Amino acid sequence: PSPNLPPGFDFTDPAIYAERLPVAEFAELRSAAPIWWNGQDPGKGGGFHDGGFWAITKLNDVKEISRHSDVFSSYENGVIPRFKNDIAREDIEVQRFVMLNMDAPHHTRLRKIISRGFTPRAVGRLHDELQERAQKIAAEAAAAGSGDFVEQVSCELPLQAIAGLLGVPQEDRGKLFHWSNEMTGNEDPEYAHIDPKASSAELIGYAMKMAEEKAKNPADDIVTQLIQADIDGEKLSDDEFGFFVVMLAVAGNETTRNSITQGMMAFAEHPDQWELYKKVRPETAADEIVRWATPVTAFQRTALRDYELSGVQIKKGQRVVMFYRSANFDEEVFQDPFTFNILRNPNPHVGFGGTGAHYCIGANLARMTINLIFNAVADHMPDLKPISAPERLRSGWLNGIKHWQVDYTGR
């Protein structure tokens, strides 16, 4: 039988996510139609005009699609499954200039080069400065007494991690943070005036100036490694560095922010886990927070050929949308998925995507950011208590929290 969903329900409808996560609806698909055609009416496809997509709700199917990038393309339609309904096709395709929306072999070459920026050593070199910054963030928020946890706790450390990785001098971090904040959320009325196109252009201009400067004066950052030729002359051109910086400014910011906000929401809802976190400070917490938060609800692929997936014939040209928010609560993979368990180990969540060519290169930087900020929160505001309900972001594919009023002193 067909799944018990309202007629015309669209799992990428931003109007849903402005209010809630459609948890019951995803669970109904997993039970009754784990691969399900999500029809979309004319003009209501969020920028795609193909009649709908296949909703992918099971973790094993998300992994299969993610591993078979030879069939399931990121380039063909990009990986973001929802824009404003009137977005020009050319503005979707301009996103093919970042690694996330490339197929092999172009993706292979870029990822090999960019690897230089995300070596364990390079990320580990940011540990002590990010730890110092996390403690300062939490101390300053606790001193304010109460306020918006998103803005006073969750927001700054992911941005400082971007700045430290790129070696952005302190006097430039204000403008870098502004550009990065202008990239996300434009379907929400609170951000109706942001201009991601103009921000991206300014960022490219800034980043190409930086590439030209750092080739003269190599510095203790990843930039020197990215633009230095190897034995075979491989390196980012200045404009490719520009597109990488756009990608980093975009990717490195609000998904980690939202994991922090939603991790602390989870702790407010599960006091025994908060008590246990404060005592043991287990770094397994970061992965359970990312599973619980699933900051990217969904990314899509496009089939380059007919492909049979778990008994369903996907046709060439059709989109498949990987609902990480569903897969991360898959009863066949997780023991008690709706239990928040900061000791869950192993934790094979797909919050950073399915394993494969496009697996999040920032995963360990994200986990570090999360572990450092929650240690600082436990140190400086162990007794925080929510004051009022979170305000969610209107987005068809990002799970965002715009605002959350909290009493840091708990009294």
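Superpose the two forms; the largest set of C-alphas matching within 1.5 Å is the rigid core. When you see a residue number, it is the position in the sequence shown, counting from 1.
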* Structure fact -> Returned stretch for higher CA RMS in 9 other deposited structures of this protein, core superposition, given 181 to 189 and 88 to 96, is 181 to 189
* **Check: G164 without coordinates in a third or more of other entries** => no
* Asked: Quick one: across the other PDB entries of this protein we compared, is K216 left without coordinates in at least a third of them?
  -> yes
* **Residue stretch of maximal mean CA temperature factor, 58 to 66 vs 379 to 387** => 379 to 387
* What stretch has the higher average Cα B-factor here, 195 to 203 or 253 to 261? -> 195 to 203
* If you check the C-alpha B-factor for each of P189, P81, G174, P158 in the entry, which is highest? -> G174
* Asked: Per the coordinate record, which of the options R96, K279, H107, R319 holds the highest CA temperature factor?
  -> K279
* **Third assignment of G242 from its chain's C-alpha B-factors** => middle
* Asked: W292's Cα B-factor: lowest, middle or highest third of the chain?
  -> lowest
* State the tercile, meaning the lowest, middle or highest third, of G51 with respect to the CA B-factors recorded for its chain. => middle
* Asked: When the modelled residues of the chain are sorted by Cα temperature factor, does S180 land in the lowest, middle or highest third?
  -> middle
* Structure fact -> The third of the chain into which the C-alpha temperature factor of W274 falls is the highest
